[PDB]
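Form deposited in one PDB entry, single chain, as structure tokens, below.
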């Protein structure tokens, strides 16, 4: 197969952010790594002024600024999820700006296990080295002398396998790392010194100590305090040799603290962010003797969006980078409002991620598709309407899970979940499911502890013009609503919302009970028309030639809509695999599970049953599947890959799917769906939009062999002209990647690389197009036409 992937929406989720002096020695700069995009803004009194945006050939996992002696302005160290490490400089001359790669390399180890706490990266305050923690038991040191342009790095054996967090301590003449680790004895802080001359560890300056059982965060306090601050779920403690302080404030006991940022360069104030969206200030009280820390205290500053990271810019202005919601710029006041909150929101940066579901609808009857997506989670949940790129937000204040569109009723059916607290049960905030115009509760006759969280699931009918919540139907207690389709069944002319559910109880592992409920939205209200119990969870459902195909645990079942308006079984097919993914085209049914096992059944209408046309089982986590056409099946695979499988005259060979395409997308695709955002009515056939966890929307189409070969040759020619930031190979970037498995990319064209052909100057175009055969010899003026025609598909 020959496919072409392009990005219609770049990633929006902020996975990291730092602040420093990068662009100049006087301007204050904010650097944001979203997924693969680096964004450099200049901090100004008016807000932010974006100076540059760059694309990396890798997922930024570590990003830190540092200034070694003799460097006028900060350098930027970046590490990617494939372990490409680079040190970069910001070089400017006039209106031209570009990023110099001061050094680069790959710092992977051919053997070893990646940590279960993840990649950790740090820089010594004196810039004497860079320390990484990638595999258990090994601490990788990169000396930072200017002759290390290849980033040669050496490992050191760590006797403590389970390291939680690590930092470089300030005020140390010998590079010292303070880290928190866990053993069957509990959790302990421990400090080492690092010797580059002897290439090994030495005893640290102060002794090992025991800390909270769930202590998980380490802060390196600058001078004159020094020492470190260990933060857990109950207490905040401070260790510096002899000095030892501890507090157990009651305001942090509700949620874990997952990010921090120093506010003052002397270390007197810190900002802390919890999991739920609370923002605290931690204050270090200073006493003069030498200067020693007097006391600690925590003040709840307010509530922000669920913060992935924080950074204090200046003048009481804080940027909150969020993965689950829109990023924020918030002001910090000296006195609280009437609501007792010190935090005021100033600006909001849109974030479509995570996109868990979406649908293509032509709302305006205009021939231009629009994309409605379910974004965010918890209080940040939202609906997004995306069109040709313009985005409109509709906040729900609860998690949206599934979405479908009904034209006969002009409304969207959205599954949603909200978290309540057992106290009966109580809500935490007003949301769409509780602010609906009309509401109902499931009254089916079929079928804990204080303070615990419980999930309440709802079906919301939302108008398509104002996006007001017309109706809200709450399901049974302990009922998880999994699927949602809108379809006509049998001879009946009415359209329905069909919801598949499961009954989940903590004492049971695999659901044994579930329902298929049929709702009709008529004259402003919702009504259950049928309800069929099932011995298993209804994981997915589709409409199949006017019948209903549903996946119940390890079974696939065909239902018919009887004249009495009840669901009558037609046939069952049993599989070794749970049918999480259920796709239909024509009479062909694609069945997938979470372990990459793919199966292809077909329907024999005369025989009225299902038989296995083809099969392809191979252990790997699979996050989505799609049917490109009768023969080709697209899927998203672990490590952020895309695969394309294909359907000898031999029965055994004919029954096996052969993988014909592999690609590394660098994104976690949540949903595939057929559609487009461009005026309907090509060199390309088909259009599949996919949505990912980081908010990036992509398009996959199919090419001809002539076009595929032409664009592949263009790719190989461009990979020799384009200067990749960090000097990462594009062919290395796009190589299909998996745990200890790496293959070259095949069957896919990187549409972003191709579409970058226009940006390069004409001399570079002349360089690229030389000796390329169009059977005429090609010319840049023809490849311009080709690339424009390819770019006009989104």
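Between two forms, the rigid core is the largest collection of C-alphas that superpose within 1.5 Å. Residue numbers count along the first chain shown, from 1.
Is residue 9 unresolved, in the sense of carrying no coordinates, in at least a third of the other compared entries? No, modelled in all of them.
Would you say residue 424 is missing from a third or more of the other compared entries? Comparison shows residue 424 dropped in at least a third of the other entries.
Counting only residues from the deposited sequence, how many are left out of the model between residue 173 and residue 174 (none, 1 to 3, 4 to 9, 10 or more)? Missing residues, residue 173 to residue 174: none.
Size class of the missing deposited segment between residue 774 and residue 775: In the record, 4 to 9 residues between residue 774 and residue 775 lack coordinates.
Same protein, other form: the form deposited in another entry, not shown, and the subject of what follows.
So which residue among 223, 468, 299, 150 shifts its CA at least 2 Å between the shown form and the other one once the core is superposed? After core superposition, the single residue displaced by 2 Å or more is 150.
Is_shifted residue 266 between the shown form and the other one (CA, 2 Å cut-off, rigid core): False for residue 266: its C-alpha shift is below 2 Å.
Is residue 658 among the residues whose Cα moves by 2 Å or more between the shown form and the other one after superposition of the rigid core? Residue 658: C-alpha displaced by less than 2 Å between the shown form and the other one.
By the 2 angstroms cut-off, has the C-alpha of residue 348 moved between the shown form and the other one once the rigid core is superposed? The answer is no; the displacement is under 2 Å.
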